[PDB]
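Residue numbers (PDB author numbering), protein chains in the order written: chain A, 1 to 304; chain A', 1 to 304. A prime marks a further copy of an entry chain.
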Ligand SMILES: COc1ccccc1OCCNC(=O)c1cc(=O)[nH]c2cccc(C)c12
Ligand SMILES: COc1ccccc1OCCNC(=O)c1cc(=O)[nH]c2cccc(C)c12
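Shown next as structure tokens:
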């Protein structure tokens, strides 16, 4: 028992982190097979970043200008290319530590672990959610660019995120591993509107199920509701509308606890309307939305 | 910017996890050099656990009865010994993945990362604190015994905890790597009183400094207090008394923010007496005590 914001073991990803330097800019790269992936803004200078002409900046760069160092060893760069907002540096040596991997574009509301790195060295690992507005509320300082987000299914790492920047609001933005930004963001130092965010309803319900499994049951009530009635409350409280696909994803947790999804919706409805009254659920005094139904089952079943 | 419950990168510890089987019990072992460390209760059966005679149970066991498997390879056990509540299985092969390491006994209020494992396979990593009453509020299921707690200083892993059991209250208990339990706990299936717990005051103050650094400043007020006045409030709210050693440890954060420790104590005093009034600090609606002053500086400075 117990419920924690658990990250995947980061070992397989640690073995892929390298340092990429171009001119005076240093950031992190991901070395998979004979390719190092990194944010394309590694080729910029402070003057460039207000509106960089990436095509022109990259034309002035040659293979030998990209300094890639894996720990203490230097990699020889034999090709370079820009794909969307990422640079792909072909190296002459395949990473011997390359795990089985996939590149995936995650959906908003899904979760992943971030391995925060500086100068190609891992510093920490944390679990987070891709917000409905495509930002991530991460923890990143100068030099963290190129740190990646991932999920691990047994021996396969699915890389879903590469960190590109911090918005003026203090939230984070990045791309999939093909360099396509999540959200409307652009790799420029400009004011960028992140859309209206909402709370991930399916995750809050999944986390209420995790609470019941772990013994925190005070919020269970004698009520039920309908998808329509629940969605009127979710609208008022800036929660994502609950669909039958979400109810279906919550099926296993509903079966495990014997609490019908709409009955859990009625508990959530009461917590939204009345608050927690100074009480806590799984050590939290707010409604947590960073655990998916899959995460709750995985944590509550011990998948390795 | 941003502040997360960040765990150390678990790679160096993942390479040390093995599966230990004795009879029908399987749990996790830590393979460092030519020794595998595991909880001594691996030699018990369900009937034994109410009050096991460990010396007698171990006498019936021979080297060949301890099945140690590192991934898919089997280790040959050439010696066994019990030290306090741990078993030390001498194997004929030194772990090639043994990082530079130390065994340390952490103090209550200090933090560490746990690499939760099942059948010798890592499943997840999370950050937690050793509670003032020597329990840990972890997330562990059946088979998690032998999972370890650690801290990493550059290339050196300081192992501080090995998981032994879940108390009937749902909190966790374990030992240092010499097998000495933290707290009054014994490795028996019995009702065991965990002492009165308190909130880690120095950590809550460190986390308020992390909040100021990251932009959450609403709780700062026009007041100050004394160590004596603050300690009367800390007594009433079951917080650890603040000492000058704690103020001294908070020196660097006080210098970074320019907010005197006693002025931050006055903000904490007001939050204890008035609550958060439906507001949040670093995404939390309660006062967080699982970040030490060292953790706050490390996260806010990017140590790798
Ligand atoms: C405005 O910056 C960019 C905009 C578009 C593209 C790239 C931009 O920056 C690239 C460098 N950024 C970081 O390394 C950075 C990332 C982060 O998440 N937090 C920070 C906290 C303090 C200081 C810094 C520099 C960071
Ligand atoms: C009463 O148990 C012991 C007492 C003293 C000594 C050893 C004891 O158990 C050894 C086995 N324990 C676990 O593997 C276990 C650990 C844990 O943290 N959570 C669980 C959640 C559900 C089920 C189980 C079995 C666990």
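Here a beta-carbon is modelled for each residue, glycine too, at the ideal position from N, C-alpha and C.
| query | result |
| --- | --- |
| Simplified DSSP state of residue 106(A), which is helix, strand or coil | coil |
| Within chain A, partners of residue 119(A') - CB distance below 7 angstroms | 304 |
| Distance between beta carbons of residue 201(A') and residue 242(A'), contact taken as under 8 angstroms | 5 angstroms |
| Candidates 136(A), 17(A), 156(A), of which the one nearest residue 100(A) by Cα | 156(A) |
| Identity of the residue in 164(A'), 160(A'), 83(A') nearest residue 143(A') by Cα | 164(A') |
| Contacts that residue 159(A') makes with chain A (C-beta to C-beta distance below 9 angstroms) | Result: empty, since nearest Cβ-Cβ is about 16 angstroms, beyond 9 angstroms. |
| Cβ-heavy atom distance, residue 141(A') to ligand 2, below 8 angstroms | yes |
| Endpoints, alpha helix (DSSP H) assigned at residue 14(A') | 11–14 |
| Straight-line Cα distance separating residue 297(A') from residue 115(A) | 18 angstroms |
| Closer than 9 angstroms to chain A' by CB, residue 270(A) | no |
| Secondary structure of residue 31(A'), DSSP reduced to three states | strand |
| Option in 141(A), 55(A), 16(A), 151(A) with minimal Cα separation from residue 304(A) | 151(A) |
| Distance, residue 50(A') Cα to residue 262(A) Cα | 42 angstroms |
| DSSP bridge partner residues for residue 166(A) (one or two, in chain order) | 172(A) |
| DSSP-derived helix/strand/coil call for residue 111(A') | strand |
| Under 9 angstroms between C-beta atoms of residue 228(A') and residue 196(A') | no |
| Length of the line joining the Cα atoms of residue 80(A) and residue 92(A) | 12 angstroms |
| Reference residue 78(A'), options 149(A'), 64(A'), 244(A'), 194(A'), closest by Cα | 64(A') |
| Heavy atom of ligand 1 within 8 angstroms of residue 188(A) beta-carbon | yes |
| Proximal chain A residues relative to residue 280(A'), where beta-carbon distance stays under 8 angstroms | 286 |
| Chain-ordered residues of the stretch 97–123 of chain A' with a beta carbon less than 8 angstroms from chain A | 115, 116, 117, 118, 119, 121, 122, 123 |
| For residue 228(A'), the first and last residue of its enclosing beta strand (DSSP E) | Where residue 228(A') is concerned, there is no enclosing beta strand (DSSP E), although the alpha helix (DSSP H) it sits in stretches over 227–236. |
| Any non-hydrogen atom of ligand 2 within 8 angstroms of residue 144(A') CB | yes |
| Per DSSP, the bridge partner or partners of residue 151(A) | 158(A) |
| Alpha carbon of residue 352(A) to alpha carbon of residue 7(A'), nearest angstrom | The structure shown does not extend to residue 352(A), since chain A is modelled only from 1 through 304, so no value can be given for it. |
| Near ligand 2: residue 1(A) beta-carbon under 8 angstroms from a heavy atom | yes |
| Cross-chain neighbours of residue 9(A) in chain A', by beta carbon under 8 angstroms | 10, 11, 14, 115, 122, 123, 124, 125 |
| Residue 88(A') versus residue 217(A): straight-line alpha-carbon distance, rounded | 41 angstroms |
| Residue of 47(A'), 69(A'), 73(A'), 17(A') minimising C-alpha distance to residue 98(A') | 17(A') |
| Chain A' contact residues for residue 283(A), given Cβ-Cβ distances below 9 angstroms | 137, 286 |
| Pair within 9 angstroms by beta-carbon distance, residue 267(A) and residue 203(A) | no |
| Residues near residue 260(A') by beta carbon distance below 8 angstroms, same chain, minus five either side | 224, 254 |
| Cβ-heavy atom distance, residue 39(A) to ligand 1, below 8 angstroms | yes |
| Inter-residue CB distance, residue 20(A') and residue 27(A') (contact presumed, cutoff 8 angstroms) | 6 angstroms |
| Rounded separation between residue 53(A) and residue 193(A) - CA only | 21 angstroms |
| 8 angstroms contact criterion, which residue 113(A') and residue 125(A') should meet: CB distance rounded | 6 angstroms |
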